[PDB]
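Student: Let me give you the structure first, and then I'll get to my questions.
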Amino acid sequence: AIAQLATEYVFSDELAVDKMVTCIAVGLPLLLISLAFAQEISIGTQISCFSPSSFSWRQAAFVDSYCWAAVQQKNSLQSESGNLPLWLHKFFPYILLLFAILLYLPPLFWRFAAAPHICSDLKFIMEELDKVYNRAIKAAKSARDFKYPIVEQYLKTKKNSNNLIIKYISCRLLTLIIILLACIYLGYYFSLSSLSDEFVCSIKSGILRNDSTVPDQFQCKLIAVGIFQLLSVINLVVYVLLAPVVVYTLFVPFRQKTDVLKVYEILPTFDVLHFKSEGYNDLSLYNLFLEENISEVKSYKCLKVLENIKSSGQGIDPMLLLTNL
Amino acid sequence: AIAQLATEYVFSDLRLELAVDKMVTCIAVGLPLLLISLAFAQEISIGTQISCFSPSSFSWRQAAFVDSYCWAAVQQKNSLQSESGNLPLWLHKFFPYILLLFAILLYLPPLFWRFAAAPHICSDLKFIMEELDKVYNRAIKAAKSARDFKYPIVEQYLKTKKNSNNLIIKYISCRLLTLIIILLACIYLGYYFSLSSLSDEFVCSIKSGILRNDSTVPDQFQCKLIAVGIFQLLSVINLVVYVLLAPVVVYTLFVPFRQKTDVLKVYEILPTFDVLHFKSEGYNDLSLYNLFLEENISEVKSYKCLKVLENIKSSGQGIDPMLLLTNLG
Amino acid sequence: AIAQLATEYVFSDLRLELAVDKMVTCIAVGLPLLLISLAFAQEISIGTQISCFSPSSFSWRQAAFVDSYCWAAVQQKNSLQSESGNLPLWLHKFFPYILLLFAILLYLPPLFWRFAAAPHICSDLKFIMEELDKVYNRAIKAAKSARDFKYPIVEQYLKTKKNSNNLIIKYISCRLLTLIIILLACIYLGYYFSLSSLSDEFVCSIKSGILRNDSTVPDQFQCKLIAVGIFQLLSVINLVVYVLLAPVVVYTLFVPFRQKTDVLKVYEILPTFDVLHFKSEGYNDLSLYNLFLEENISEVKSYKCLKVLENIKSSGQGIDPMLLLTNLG
Amino acid sequence: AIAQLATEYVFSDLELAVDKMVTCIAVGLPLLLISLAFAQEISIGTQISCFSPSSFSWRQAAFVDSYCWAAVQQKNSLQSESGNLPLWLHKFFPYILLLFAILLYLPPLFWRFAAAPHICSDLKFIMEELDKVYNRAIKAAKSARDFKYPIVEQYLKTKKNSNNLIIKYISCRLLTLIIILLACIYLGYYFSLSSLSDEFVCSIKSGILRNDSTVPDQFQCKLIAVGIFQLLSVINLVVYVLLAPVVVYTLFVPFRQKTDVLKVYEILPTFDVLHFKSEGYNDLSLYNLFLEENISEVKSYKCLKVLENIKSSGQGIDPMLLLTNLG
Amino acid sequence: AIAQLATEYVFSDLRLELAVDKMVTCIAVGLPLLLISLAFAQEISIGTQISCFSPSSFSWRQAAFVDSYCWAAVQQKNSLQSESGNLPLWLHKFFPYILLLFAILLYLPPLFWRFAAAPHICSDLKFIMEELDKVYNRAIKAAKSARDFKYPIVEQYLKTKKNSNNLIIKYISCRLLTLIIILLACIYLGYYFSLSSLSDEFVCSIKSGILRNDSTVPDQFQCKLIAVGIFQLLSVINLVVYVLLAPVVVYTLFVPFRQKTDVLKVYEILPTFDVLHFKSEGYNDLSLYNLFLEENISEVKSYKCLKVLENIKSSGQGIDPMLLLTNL
Amino acid sequence: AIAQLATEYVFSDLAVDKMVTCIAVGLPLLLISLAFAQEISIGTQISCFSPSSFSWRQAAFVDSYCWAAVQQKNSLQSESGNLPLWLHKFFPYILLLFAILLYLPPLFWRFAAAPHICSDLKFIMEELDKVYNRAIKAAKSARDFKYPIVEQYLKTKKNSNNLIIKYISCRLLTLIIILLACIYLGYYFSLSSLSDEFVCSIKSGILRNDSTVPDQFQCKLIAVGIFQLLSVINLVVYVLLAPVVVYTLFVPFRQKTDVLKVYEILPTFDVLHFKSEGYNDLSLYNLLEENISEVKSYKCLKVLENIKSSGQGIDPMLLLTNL
Ligand SMILES: CC1(C)[C@@H](OC(=O)CCC(=O)O)CC[C@]2(C)[C@H]3C(=O)C=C4[C@@H]5C[C@@](C)(C(=O)O)CC[C@]5(C)CC[C@@]4(C)[C@]3(C)CC[C@@H]12
């Protein structure tokens, strides 16, 4: 596992919450699976059974392989808990890989989805706030010497449409279902007695059915089941911690706060209306991304400064505003 | 599987191709290759194709000769005695190779499309985008002059593409051959799953040449095709993937049933753009170009301004050219 | 392979050559190359290509020596006694190498082309492109002045190219040598496939030198040329690919029939452009240059505008000079 | 190793620098240690051996080594004086190391994602205001040689109220220090292990191997490379015992802040001669920290520094020196 | 072999050298290199290069020691009992190394012509190219003004190069060294293939040191040079390729014969250019200069224009001054 | 060594501090990699001759138990002591740690030094080029402010020593690590090279009262000689590299050939070099003179200085000729 080391070295020298969730739900299982087959620890193939010393070297290899393949054929298997334990033991990494790919899916669905209207409208609302700020500045400057609620009308329009909000909520909900299923499964793969590996096999079929030099049966054990157990426990912890994060992300209206337009509501060139709260609509998601990327607008910083000044109350809107420039 | 690890790590931290179709190609091409790689994992695939449990009296190199001779004898159908038939063994020896072949066959349509079908539609999209930007600019300049040629060229090219069917035929052909390949490989794989899983534990006896009359040789060897259950579970997964992708491929095939909002309606509020969208209901490049417009319309910011105007008109607050002047695009 | 497929997967997420010929080179190079790669696949290549089932009394390293000596003896024809003959031994002992040599031979003609005649075609294409753009500019300026030299230069270049076949000779020669290569390789591969499939299970007796009158040696060992089955499957695959590819090469050879839909008439709607395309049945560099112009005609914006105008004139909605001024090129 | 070799070869060929180096060490030391733990030269082979009787077959002994090595999970089964806990720790020592390493690496990412953008934007804005103020002052001095509101100072007073970013940075550093504490505790614990668990008795006598007779009772089963783990863990423990006070001093926000840059802007008539930015658990302090950090990025900051150093000599008049600057 | 496989796959995904010579160097480089890489192909390479079937009494490591001892004993000519001699075995061992040496020797003269004779070539090229461009521009401006100095500069440079025989000597030398190289290498290749192919099997007797009087040792071991037939087949392929390439080398040597299709004659229709082809085969650096002029003259747009005008004058329907004015 | 060979082949087809860092980083890394090479690593670390009666895997367990016993001081029987066994066990690891430690100060210093040095250099270059252009304009006007700003910044850095202190600290910790690792390397070589031939007796646990086991096996620590030769090579490399850092230490003494003099002949520049004899950032910043080639105007000033060196022409006349 030197490739992960190099990934960190180049590390050394979409909502942020969703980005972090993707990061966790991606690395934890992927890094886990890479760790399981890590060359230093990937020593051993989990077929050990010590067939009688009379069995030749290659005879022993055949025993090991025939059992390892017989993990599927239930009739060949003589197990206490059942074959499905053995199945889980064999595909445990493959199962982890499938779960992880499934979890990475929804973010990819969003990425190729790109939330087209959402990103374009983000750029649009940015340009609109910028133009409104420039217009207010020029108006105050002339005072020292159209008019349609464009962004406000766009917001009213978003107040009807929730299609993108439906997309966001569906992505989050698919994420939650994924992690819930994976956590249940991973606890199940940790719900093992951990005794299933040491099971008994007898490859006495074919010409080996009536063969005599063969022993009655072989006791093989599935190694690294303890390792698989430990890694499943780690991933289960990670996901039992991650699920509340997905839950909190699911409550977007409960999260949409700290009105950014509140400062721009002090603008005469802007409609005096926050009008952004309490809705299962793309208004909420657009407002969330607006709070997310709102620092990117220099005028947003200026508006925060003016809002603080009004909180300072030393100056008035017009004088200090025109002074801002 | 360090390849997928690095892919995800970098994943951690014009279109000229349909997003649905791009993702379908991506999945249906990788998932088979992905499964093949995951099985070709030496940690997963450590041993040979099949062991034989030869007599202990046989030498280690003798055991190797037995193993290899049977594993090669899977081809000679007369060589081994199996109830299922030779085709099972053949499939088992060629399961990964056949998987790779199907994957290459699936990669072929996107490649051919990009080589031949794509560039012309790309140039067409570029021309349409230039026409749209120029028309929006001209309408905005007229609106500005009011606040202070004339040939429907883009509409003409649209009416022409309404006759043009070649490109639509090419796209539909790529998608259809794709779906056909998906169905064929799906049947093949499901049959590969249909394998009773008993062929693996077959019997071979290499008694050719002097080994025909050999004495120290036993009667025969019990060889067991390893990774038979592995290949079968992979076949199940791949068949699932393909039975799920096929409906997506079919819906992608339906161009008239794509049922996309008329992007021209956003430019239909232009004075400089005649009021006629008329882009649907034809087994021609008409519908395909309409779909590509619905696709790459985000690449045109003027399309974004038109959509903003459309939303404003949905609010019904103001008048159209006055709002255009208010936009000053 | 593992990493070959990994790079292939991460690949996803002026023509100066015949696109058809480009794809032909691609297939005819990849099929053998990917096949040879499979011949060195870890899952496919299980180990050495020979196994001999020596007596168990023979020591381990003794068994290795026997295997190797028989393997080298596949060349020494008097040593190995096979009912088929030595030539099969030659073949399925160097079949991969032979495939690689054939693939290199197949990549040779396109390399010689791209090195020798390709820059000539690039210069000719750039020159014709400049000529067409200049004609479009002059026509647009004259149409605008109406709204307010003249020598057949491109036509002269066309008449000149209509005489010489030198570049056409080069292109046809590359294609024809390629086709000969395809036919020879196909015959070869079919031959190698058309093998007993049993000759591999030959018998060797390395009783040379002191081993001639040696006693502990068996009279002979029944040795097997492993992987012959997979070699045969791969040869069949490649032969099928080539039987599918050859007619494409033939169609490439037929250049006149390949020459179709001359765009010289898409500029013939210009008065400052000759009304005589004179662009058919030219068994000379004419045909090749015209084909490459048909290929890269999309790159010229004026070609796009002229195509729009040609469609409009087919649609019959606008006068030629009026619509020309309206497009305002 | 090899990837490490390439990293060193290219080596041979906005975030707090102290924090950057802290994260860098806290990542590389365990990562490099783990990589060495699988070094082809260092890692010599399997981690467990028990010298089963020669009567046991080769592959038989292989099965023994394997089943024993796995039996470490089987708590009741194994025969050790220390218990299943130390052998367990050795069973996944590198796993624990990697968990701790990724855990330590997370908070820097959370920072470089959450507090990074706001601080970056605010710093760009403050530097831009500084540059515009310097331009305005030089221009006014030039015109004399022939608004006026504390805008950036207003933003400073504003940040002096909010401590949200300060809270984020402090929490990042604090969680990181907590990780260092717990990890160093664990590491010393693992090294504290008496190197006795390595050698112990293993008896894979379960099932038909329980009532099997050809099997001996047990083997003397030797966990391997435990000494290597001990030495590298000691190295890491020393590294982290050295690093923890660095994290502490980093957590010292009012004390790390020194030499207020605002004095350089305090040489301005057009910009208030007032730092008024220190001594507070507010985002003001961290903003001042980053101002001191990337103030070298501001060329006008360099001009102010040279001018202030000259005025320390007292050579020329401040307006005269400004006019001579002609920046 | 997946390295070169992916290399050629992504292959599918000024000149300062003669195209013919470029192809010669390319082939003469790849064929031996490709063969060598084939020799170390894991599918192709079966394993160790020698095997001798020591008695089963000899232990495993004993057998390995025998194999290696003989393998090195191919050098000690007395220790090896060879009817053909030791030099065959010598050739067998370094056979790849021999091919690698031949390959490096094949790549050297291309490198010499690459860096050496880069300055003169590029200088003459850029200079004569700018000169032709200026002559075309001047003739065009002259026709435009007439319808409305005087020094044969590049012609003078050609006259000067007529005396020059330095770069001509260098090119001839690069070709000649290459020809000698390929000739000697092909002689060697046949000689290697000339070998009996039964010499590959030879007897070794490791009775040195305490093995001189050792007892458990047999008298000898009969060991075989493995994969010698493969080296033989490779030498066959290389010998065929080089017997094919050598005549191409000779053709490249014949520079004056190859010098054809006078381009300055196409420039001889220029007013600002004197009527002097000045293209005579001789022991002059101009011939190669003329050769590369023919090579990269396609890079000259005005060359294409002049060729068009030349076809027009061959049509004989347009006046040279009138058509020149028409050129625009 | 295929990767490094390809790297040098594609290579084939304070600067002093940079080179010292490069060498002192690669030589240990190069040597450790050389040992890491399996071509050099012809065998496992210890192959130690158990009895033939011991099974293959039994011998494996012996080699493993002894190789682990290289730490357990009671377990092994050696005259030289355990510390030899320790050193031999982690000699590669020791090399790697020393190399990382030696690469650290370059990273830390360059990090600290990057902004300060680059900004001061850019500002000084701007000031010098401005004074040069101004003198050129004055000469051109004669053919037809007044503050020593760069001189002020120079005198300022002549006061502050913090950055020079940082440079000295980087160099000093560097020399300290060099000396420590050099003594260590000679020491590991100083080893009598006899410890490898130690005996181990794995009679622990049931092996205490086990009987089929021999009392012990005389086991050998392999690659001791290779590691020793590597230590000798690296130690000589460091004994050669250290006096370079030593000369670097006397940097004020090392400061020579004042570059400011060529700028001192300007009219727009006061005739005063004033750059020597200080434990301050002055000489450090002067070590300016390092990358001073980037200023074409500096090249012109040097040319004018060389012209006046012969005394052939007047300074302003030839200066205006230069323009
Ligand atoms: C090289 C490796 C280790 C291995 O190679 C690998 O798997 C990779 C690791 C490596 O290459 O070292 C392949 C198996 C093998 C070649 C192996 C073999 O074939 C058969 C035996 C026999 C087993 C035995 C005791 C019996 O089984 O009764 C009878 C005596 C005898 C001859 C002892 C030695 C070994 C164990 C022998 C020759 C030692 C070398 C060994």
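Numbering starts at 1 and runs along the chain as displayed.
Cβ from N, Cα, C; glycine included.
What Swiss-Prot lists as disulfide bond is C:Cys52-C:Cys223, C:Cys70-C:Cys204, and the listing cites experimental evidence. Here Swiss-Prot flags C:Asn213 as N-linked glycosylation site. According to Swiss-Prot, the feature S-nitrosocysteine maps to C:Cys26, C:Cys305, an assignment based on similarity to another entry. Summarising the annotation, Swiss-Prot assigns topological domain 'Extracellular' to C:48-92, C:197-224. Look at Swiss-Prot and you will find C:27-47, C:93-113, C:176-196, C:225-245 tagged as transmembrane segment, backed by sequence analysis.
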Student: Under a Cβ pair cut-off of under 8 Å, which of the recorded stretches C:93-113, C:176-196, C:225-245 contacts the transmembrane segment (C:27-47) most often?
Tutor: C:225-245
Student: Which recorded positions are spatial neighbours of C:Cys223 (disulfide bond) here, meaning Cα within 10 Å, out of C:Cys70, C:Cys204, C:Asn213?
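Tutor: Those close enough are C:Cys70, C:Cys204.
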Student: Find the shortest Cα-Cα separation between C:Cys305 (S-nitrosocysteine) and the recorded positions C:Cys26, C:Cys70, C:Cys204, and name the residue that gives it.
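Tutor: Nearest by Cα distance to C:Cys305 (S-nitrosocysteine): C:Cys26.
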Student: Cα within 10 Å of C:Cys52 (disulfide bond) is the criterion; apply it to the recorded positions C:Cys26, C:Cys70, C:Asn213 and give the hits in sequence order.
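Tutor: Neighbours among recorded positions, in sequence order: C:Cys70.
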Student: With H, G and I counted as helix, E and B as strand and the rest as coil, say where DSSP puts C:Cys52 (disulfide bond).
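Tutor: For C:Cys52 (disulfide bond) - judged by DSSP and reduced to three states - the answer is coil.
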Student: At a C-beta cut-off of under 8 Å, are there same-chain residues at least 6 beyond the topological domain 'Extracellular' (C:197-224) that contact it? List them, or none.
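Tutor: Distant contacts of the topological domain 'Extracellular' (C:197-224): 50-55, 57-58, 66-67, 69-70, 73, 79-84, 88-89, 92, 232.
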Student: Counting by DSSP secondary structure, give me helix, strand and coil numbers for the topological domain 'Extracellular' (C:197-224).
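Tutor: With helix first, then strand, then coil, the topological domain 'Extracellular' (C:197-224) has 3 helix, 5 strand, 20 coil.
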Student: Checking distant contacts: for the topological domain 'Extracellular' (C:48-92), what same-chain residues at least six beyond its ends satisfy Cβ-Cβ under 8 A?
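Tutor: Distal contacts: 98, 191-192, 195-196, 198-200, 202-206, 208, 216, 218, 220-228, 231.
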Student: What are the non-local neighbours of C:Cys204 (disulfide bond), defined as same-chain residues 6+ apart in sequence with CB under 8 A from its CB?
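Tutor: When sequence neighbours closer than 6 are ignored, C:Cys204 (disulfide bond) has C:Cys52, C:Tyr69, C:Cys70, C:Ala73, C:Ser79, C:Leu80, C:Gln81, C:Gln220, C:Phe221, C:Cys223 within Cβ distance under 8 Å.
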Student: Given C:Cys26 (S-nitrosocysteine) and C:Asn213 (N-linked glycosylation site), what distance in Å do their CA atoms have, once rounded to a whole number?
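Tutor: Their Cα atoms are separated by 56 Å.
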Student: Provide the three-state secondary structure of C:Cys26 (S-nitrosocysteine) computed with DSSP.
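Tutor: Where C:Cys26 (S-nitrosocysteine) sits, the three-state DSSP reduction gives helix.
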Student: Taking CB atoms only, which of the recorded positions C:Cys26, C:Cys204, C:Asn213 fall under 8 A from chain E?
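Tutor: From C:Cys26, C:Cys204, C:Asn213, the ones near chain E are C:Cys26.
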Student: Starting from the Cβ of C:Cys26 (S-nitrosocysteine), draw a 10 Å sphere and report how many other Cβ atoms land inside it.
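Tutor: The answer is 16 other Cβ atoms.
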Student: At 10 angstroms around each C-beta, which of the recorded positions C:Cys70, C:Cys223, C:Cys305 has the fewest other C-beta atoms nearby?
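Tutor: Each of the recorded positions C:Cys70, C:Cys223, C:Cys305 was scored by Cβ atoms within 10 Å; lowest is C:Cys305.
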Student: Taking 10 A as the limit, how many CB atoms besides its own sit near the CB of C:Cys52 (disulfide bond)?
Tutor: 28
Student: Hey, which of our recorded positions C:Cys70, C:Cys204, C:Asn213 end up with a Cβ under 8 Å from chain B?
Tutor: none
Student: Through the lens of DSSP with three states only, how would you label C:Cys70 (disulfide bond)?
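Tutor: Its secondary structure by DSSP: helix.
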